[PDB]
Student: 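One structure follows; several queries about it will come next.
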There are 2 protein chains.
Amino acid sequence: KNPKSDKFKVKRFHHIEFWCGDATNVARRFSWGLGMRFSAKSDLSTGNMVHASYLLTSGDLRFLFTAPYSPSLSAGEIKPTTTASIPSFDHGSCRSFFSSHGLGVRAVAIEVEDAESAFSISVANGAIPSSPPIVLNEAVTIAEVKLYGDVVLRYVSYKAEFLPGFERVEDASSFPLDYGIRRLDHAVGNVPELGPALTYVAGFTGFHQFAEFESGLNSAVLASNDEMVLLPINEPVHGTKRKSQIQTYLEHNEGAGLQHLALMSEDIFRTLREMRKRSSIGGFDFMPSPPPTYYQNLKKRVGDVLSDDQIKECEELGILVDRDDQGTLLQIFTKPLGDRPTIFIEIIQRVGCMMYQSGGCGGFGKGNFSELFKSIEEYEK
Amino acid sequence: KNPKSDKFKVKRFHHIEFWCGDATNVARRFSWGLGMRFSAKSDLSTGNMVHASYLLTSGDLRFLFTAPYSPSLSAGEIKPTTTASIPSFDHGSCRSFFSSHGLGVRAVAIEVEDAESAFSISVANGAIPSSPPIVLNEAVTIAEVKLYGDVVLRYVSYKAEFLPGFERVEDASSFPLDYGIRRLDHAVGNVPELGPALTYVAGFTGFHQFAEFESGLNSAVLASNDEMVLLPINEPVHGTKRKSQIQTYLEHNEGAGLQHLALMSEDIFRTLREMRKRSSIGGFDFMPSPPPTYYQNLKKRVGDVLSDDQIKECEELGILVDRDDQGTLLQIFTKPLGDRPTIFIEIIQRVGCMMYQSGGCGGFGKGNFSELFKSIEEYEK
Ligand SMILES: Cn1nnnc1NC(=O)c1ccc(C(F)(F)F)cc1S(C)(=O)=O
Ligand SMILES: Cn1nnnc1NC(=O)c1ccc(C(F)(F)F)cc1S(C)(=O)=O
Ligand SMILES: [Co+2]
Ligand SMILES: [Co+2]
């Protein structure tokens, strides 16, 4: 069921912001690794004495990378006189985030009809405020509330190009890479206790539990009215033979934070071919492929959705497949994006549920846990 | 003249270590940008709970990238029980370095006959000690003294693979990139006062002033006995019409530090072709090309060293050329490697002074200051 209880008008995922120590190197590695173009900048060359911020785009997917300059550059400024293009930025908060968590996501940004109302209603409804609504050049309004750990849910709204004060990146610098990635499908947090995290977040958003379908985790998914903003949350299961990777996340991240970003591709086979070509030359590595038993059992499961050629192409690329009662899902996971075993990326493509495609079509790969266990067990013999 | 006054036996540049917030992303960007192979690692996968360190190699050039993990991972260790492969590493020192300087060089490492003696004689001769000599697995000895700002001169010596505790990187991960870079030619520091910096460093090394040949800087070059270890130092000139870029460095870096690394290529034309192909797809950008007047005046200067074809190839790639009384030098400079206008890279190739090639053959490009001024002046009209 879908009660459509959003307490304010939510549109779509707008951008994801990584807090970094050096934004240039992370941005350039991600661009090559994922096929995302440099499309806007806010830094010293644009008058910003506070932070360096570089935006990568692919389709509607926006990855923002931000790092602080030396505070001495802006020591004479005050908030009314700031040159920061993102007024919520804070040198100390940023350095503290990165030294506590390493490279990771600071802001999950969703676009809303009215960022001030969304902020006001949110905190009226239990949200811990993080940065009050601020109106940028009479054009854009931005506001932030705590989501979990040191991650904020950021609201953005436009009266009528990324943000004021950002400049388009010169086209000679902007090389039009594209490996097929098109938008953010879901952004997933890890926490020590699912219950209170769910209660808090659904409490101030009105997001409902997305209706779905013993190793690892327990999860639940929060979704907006049209279920295009999807915010799953995991917690660890303690005691198992294999140590919970959610617990490993919490230890290495120093607590709760964003675990994985799932990026929708319009052609997962082209995306995975292009990213795998670059794994060893600056891009991203992928988790170990499932054993061939897994693909031998795929025909009995999605033989009506994927031809024998498409299923063997899954085998080369290491793609996983799962299926709801309404759609089929193709998915694969990268290795951690940085030094720590914390944040990683998921590539997905959804087939089915056309009316546009409805959100979550196929679920999130729930069936692939038992299928992978049964496959390792079958293959071993 | 060359007094050969080294106070201890110095061999060659051994490696350069960057202190980072995330070593994975910097390392992967540098590898693609410069054509350096992943050759060794020390991290969680090798038992190191303290720091992540990744080594890139090209020829004899070794670039080490290191970042701290969460201190909680090693909270039960003490120095005798440490899992750090580089015993001089310190979480607080590293986080402080990166938050004060951003991405940059922490250690210039030279190999010496005996690292304990080199340390002892150095501090006996005025060197501020930074990390005392430590013997790694009865095989390698490492010691560190302050060089300038927060940069250390690191001594390494072997009784008889990078360091103990590092593992060779699996060849599937190791893609054999190579754009022709072969070794470190010189490593250059920026300081506010040349005099005391020279006095201190030459004081404890015995390095002599390398004998050489109004906009910017004043410099001098320190060299070892055979002049293969070259450590130039700059200071700003205040008052000029154009603000000294040494002063800009000092302000943005929060003080003294390593300004540029000069990497020797065995074929600067192949190197610059390969790096320029990648500038906009994750690699490095280059400083703006000199005006064509500069290349029109090149025939009158190195017409006997470079054919008309080689000089026009310089024009495409933006290469600078200079000439001593013994050799010719080809050089070009990258844009800053990271967010701040601080550290950058120089690519060079030296032609002449064969007996092997003697160090510094051609100088360091002194003549290119007046030649560039005269070129901008000539071209303008
Ligand atoms: C619940 N949820 N919400 N958003 N995403 C998710 N689940 C996943 O994406 C997911 C799906 C399948 C697997 C499996 F079985 F292949 F290992 C692992 C994950 S995993 C550990 O979490 O990455
Ligand atoms: C003295 N020294 N020691 N080691 N390296 C050096 N000099 C250089 O490499 C050098 C050489 C020529 C130019 C010029 F004229 F093209 F701008 C700029 C530099 S620069 C600012 O310093 O990068
Ligand atoms: Co997922
Ligand atoms: Co130089």
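The basis for the numbers below is simple: all heavy atoms, side chains too, and nothing from hydrogens, waters or symmetry mates. Protein chains get the first letters and strands the later ones, always in sequence-line order, with residue 1 at the start of each.
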Student: Take A/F364 and A/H186 through the ring-ring contact (aromatic ring centres under 6.0 Å, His included) test and state the conclusion after the steps.
Tutor: CA-CA 9 Å; A/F364 301 87; A/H186 55 268; 4.9 Å; yes
Student: Any ion pair linking B/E266 and B/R182 (charged N to carboxylate O, less than 4.0 Å)?
Tutor: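 Result for this pair is yes, salt bridge flagged.
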Student: Does the pair B/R62/B/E17 count as a salt bridge with the N-to-O cut at 4.0 Å?
Tutor: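 Not counted as a salt bridge, because no side-chain N and carboxylate O are separated by less than 4.0 Å.
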Student: Are any of the side-chain heavy atoms of B/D185 and B/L263 separated by less than 4.5 Å?
Tutor: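 Side-chain contact under 4.5 Å: no.
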Student: If the threshold is 4.0 Å, N to carboxylate O, is there a salt bridge linking B/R340 and A/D22?
Tutor: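 No salt bridge links B/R340 with A/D22.
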Student: Do B/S42 and B/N48 get their side chains close enough for a donor-acceptor pair, meaning under 3.5 Å?
Tutor: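 Yes, a side-chain donor-acceptor pair sits under 3.5 Å.
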Student: Within the side chain of A/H101, is there an N or O that forms a donor-acceptor pair under 3.5 Å with the backbone of A/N253?
Tutor: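 Pair found, side chain donor or acceptor close to backbone of A/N253.
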Student: Taking A/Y249 for its side chain and A/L258 for its backbone only, find out whether a donor-acceptor pair lies under 3.5 Å.
Tutor: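 Looks like yes, one N/O pair under 3.5 Å.
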Student: Closer than 3.5 angstrom, by distance alone: can the side chain of B/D178 be matched with the main-chain N or O of B/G180 as a donor-acceptor pair?
Tutor: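 Yes: the side chain of B/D178 pairs with the backbone of B/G180.
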Student: Under the 3.5 angstrom rule, does the side chain of A/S58 hit a backbone N or O of A/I181 as a donor-acceptor pair?
Tutor: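 Yes, A/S58 side chain to A/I181 backbone: donor-acceptor pair under 3.5 Å.
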Student: According to the interplanar angle, ranging from 0 to 90°, do the rings of B/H260 and B/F344 count as parallel (below 30°), tilted (30 to 60°) or perpendicular (above 60°)?
Tutor: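 It falls in the parallel class, under 30°.
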Student: Testing B/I343, B/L64, B/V26 one by one against B/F18 for a side chain to side chain contact (heavy atoms under 4.5 Å, CB included), which residue passes?
Tutor: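 So the option named by the test is B/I343.
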Student: Locate the shortest heavy-atom distance separating A/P290 from A/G318; write the atom from each residue and the value.
Tutor: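 So the minimum-distance heavy-atom pair works out to CD-O, 3.8 Å.
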Student: With distance as the sole test, does A/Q349 use its side chain to make a donor-acceptor pair with the main-chain N or O of A/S265 at under 3.5 Å?
Tutor: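 Judged by distance alone, yes, a pair lies under 3.5 Å.
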Student: Please test B/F284 against A/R28 for side-chain contact (heavy atoms from CB on, under 4.5 Å), starting from the C-alpha separation and ending with a verdict.
Tutor: CA-CA 9 Å; B/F284 294 101; A/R28 274 178 190 232; 5.8 Å; no
Student: Quick one: are B/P133 and B/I142 in side-chain contact, heavy atoms under 4.5 Å?
Tutor: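 SC-SC contact between B/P133 and B/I142 ruled out.
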Student: Could you tell me whether the side chain of A/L250 reaches within less than 4.5 Å of the side chain of A/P236, counting heavy atoms only?
Tutor: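 Yes. Closest side-chain heavy atoms under 4.5 Å.
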Student: With rounding to the nearest 0.5 angstrom, report the CD to CD1 distance, A/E371 to A/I376.
Tutor: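 Taking CD in A/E371 and CD1 in A/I376, the distance rounds to 9.5 Å.
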Student: Please test B/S88 against B/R154 for side-chain contact (heavy atoms from CB on, under 4.5 Å), starting from the C-alpha separation and ending with a verdict.
Tutor: CA-CA 10 Å; B/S88 70; B/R154 172 182 284 151; 3.7 Å; yes
Student: Could you walk me through whether A/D285 and A/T334 pass the side-chain contact (heavy atoms from CB on, under 4.5 Å) check?
Tutor: CA-CA 6 Å; A/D285 309 340; A/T334 79; over 6 Å; no
Student: Please check: side-chain N/O of A/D322 versus main-chain N/O of A/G367, any donor-acceptor pairing under 3.5 Å?
Tutor: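 Present.
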Student: List the atom of B/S53, the atom of B/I86, and the distance in Å for their closest heavy-atom pair.
Tutor: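 Smallest interatomic distance, heavy atoms only, reads OG-CD1, 4.0 Å.
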Student: Please check this pair: side chain of B/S99 against backbone of B/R95, looking for a donor-acceptor N/O pair closer than 3.5 Å.
Tutor: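 Checking the backbone N and O of B/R95 against the side chain of B/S99, a donor-acceptor pair under 3.5 Å is found.
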Student: Supply the atom-to-atom distance A/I246 CD1 to A/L217 CG, rounded to the nearest 0.5 angstrom.
Tutor: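 The CD1 atom of A/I246 sits 4.5 Å away from the CG atom of A/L217.
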Student: Taking the side chain as C-beta and beyond, is there a heavy-atom pair between B/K335 and B/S279 under 4.5 Å?
Tutor: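 They are not in side-chain contact.
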Student: For A/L61 and A/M36, what are the C-alpha separation, side-chain angles and deciding distance, and is it a side-chain contact (heavy atoms from CB on, under 4.5 Å)?
Tutor: CA-CA 9 Å; A/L61 183 62; A/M36 306 180 67; 3.9 Å; yes
Student: Any chance you could measure A/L329, atom CG, to A/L320, atom CG, to the nearest 0.5 Å?
Tutor: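 Reported value, rounded in 0.5 Å steps: 8.5 Å.
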Student: Please examine the side chains of A/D308 and A/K312, heavy atoms only from C-beta on, and report whether any two atoms are closer than 4.5 Å.
Tutor: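 Sidechains of A/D308 and A/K312: no contact.
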Student: Given side chains that start at C-beta, do those of A/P232 and A/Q259 come closer than 4.5 Å, heavy atoms only?
Tutor: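 A side-chain contact is absent here, since even the closest heavy-atom pair is not under 4.5 Å.
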Student: For the pair B/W19 and B/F89, name the ring-plane relationship: parallel under 30°, tilted 30 to 60°, perpendicular over 60°.
Tutor: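 Ring orientation, 0 to 90° scale: perpendicular.
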Student: Look at the aromatic rings of B/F30 and B/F65 and report parallel, tilted or perpendicular, splitting at 30° and 60°.
Tutor: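 Geometry flag for B/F65 against B/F30: perpendicular rings.
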Student: For residues B/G165 and B/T46, report the shortest heavy-atom separation together with the two atoms involved.
Tutor: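 Of all heavy-atom pairs spanning B/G165 and B/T46, the closest is O-OG1, 3.9 Å.
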Student: Exactly one of B/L44, B/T24, B/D43, B/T66 should register a side chain to side chain contact (heavy atoms under 4.5 Å, CB included) with A/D339. Which one does?
Tutor: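 Checked B/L44, B/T24, B/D43, B/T66 against A/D339; only one passes side chain to side chain contact (heavy atoms under 4.5 Å, CB included): B/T24.
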Student: A/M264 versus A/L184: any side-chain heavy-atom pair under 4.5 Å?
Tutor: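 No, their side chains stay 4.5 Å or more apart.
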Student: Quick one: do A/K243 and A/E251 make a salt bridge, cutoff under 4.0 Å?
Tutor: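 Yes, this pair counts.
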Student: Would you confirm whether the ring centroid of B/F162 sits within less than 6.0 angstrom of the ring centroid of B/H15?
Tutor: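 Yes, the ring of B/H15 comes within the 6.0 Å limit of the ring of B/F162, centre to centre.
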Student: Closest approach of B/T82 and B/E77, non-hydrogen atoms and distance?
Tutor: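 Closest heavy-atom pair between B/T82 and B/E77: CA-OE1, 3.4 Å.
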Student: Tell me the closest heavy-atom pair linking B/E111 and B/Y158, and the distance in Å.
Tutor: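 Taking B/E111 first and B/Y158 second, the nearest heavy atoms are OE2-CD1, 3.7 Å.
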Student: Does A/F175 CZ have over 12 foreign heavy atoms under 6.0 Å away?
Tutor: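 Count not over threshold, so no.
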Student: Verify the distance criterion only: is there a donor paired with an acceptor across the side chains of B/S174 and B/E170 at less than 3.5 Å?
Tutor: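 B/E170 and B/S174 do not have a side-chain donor-acceptor pair below 3.5 Å.
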Student: With no hydrogens and no angle check, just 3.5 Å: does a side-chain donor-acceptor pair link A/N25 and B/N25?
Tutor: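 The criterion, which ignores hydrogens and geometry beyond distance, is not satisfied for B/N25 and A/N25.
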Student: Measuring only between side-chain heavy atoms, which start at C-beta, is B/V108 closer than 4.5 Å to B/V152?
Tutor: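 A side-chain contact is absent here, since even the closest heavy-atom pair is not under 4.5 Å.
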Student: Would you kindly check if the NZ (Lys) or CZ (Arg) of A/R29 is within the cone defined by 45 degrees around the ring axis of B/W32 and under 6.0 Å from the six-membered ring centre?
Tutor: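 Judged by the rule, A/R29 and B/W32 form no cation-pi pair.
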Student: For the residue pair A/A67 and A/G21, what are the closest heavy atoms and their distance?
Tutor: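 Shortest heavy-atom separation between A/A67 and A/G21 comes out as CB-O, 3.5 Å.
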Student: Are the charged groups of B/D171 and B/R37 less than 4.0 angstrom apart, N to O?
Tutor: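 Salt bridge between B/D171 and B/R37, a charged N being under 4.0 Å from a carboxylate O: yes.
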Student: Evaluate whether atom CG of A/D267 has more than 12 neighbouring non-hydrogen atoms of other residues, nucleotides or ligands under 6.0 angstrom away.
Tutor: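 Atom CG in A/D267 is crowded, with more than 12 foreign heavy atoms closer than 6.0 Å.
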Student: Has A/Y294 got a side-chain atom pairing as donor or acceptor with A/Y379's backbone, closer than 3.5 angstrom?
Tutor: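 Between the backbone of A/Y379 and the side chain of A/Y294 there is no qualifying donor-acceptor contact (under 3.5 Å).
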Student: Could you please spell out the steps behind the side-chain hydrogen bond (donor to acceptor under 3.5 Å, both in side chains) verdict for B/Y179 and B/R278?
Tutor: CA-CA 11 Å; B/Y179 314 153; B/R278 300 165 162 88; 2.7 Å; yes
Student: Using distance alone, with no hydrogens and no angle criterion, decide if B/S72 and A/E254 have a side-chain donor and acceptor under 3.5 Å apart.
Tutor: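 Note: B/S72 and A/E254 side chains miss the donor-acceptor criterion.
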Student: Return the CG to CD distance between B/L55 and B/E167, rounded to the nearest 0.5 Å.
Tutor: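 Rounded to the nearest 0.5 Å, the CG-CD separation comes to 13.5 Å.
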Student: Are any side-chain N or O atoms of A/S31 and backbone N or O atoms of A/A27, one a donor and one an acceptor, separated by less than 3.5 Å?
Tutor: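 Pair absent, no side-chain N/O of A/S31 close to backbone of A/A27.
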Student: How long is the straight-line distance from CG of A/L337 back to OG1 of A/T342, given to the nearest 0.5 Å?
Tutor: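 Output value for this atom pair is 7.5 Å.
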Student: Drop me the distance from A/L261's CG to A/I347's CD1, to the nearest 0.5 angstrom.
Tutor: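 If we round to the nearest 0.5 Å, A/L261:CG and A/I347:CD1 are 9.5 Å apart.
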Student: Please confirm whether the backbone N or O of B/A172 pairs with a side-chain atom of A/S280, one donor and one acceptor, at under 3.5 Å?
Tutor: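 Yes, the answer is positive, given that a donor and an acceptor are paired below the 3.5 Å cut-off.
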Student: Hey, is B/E274 close enough to B/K277 for a salt bridge, meaning N to O under 4.0 Å?
Tutor: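 Looking at B/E274 and B/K277, the cut-off is met.
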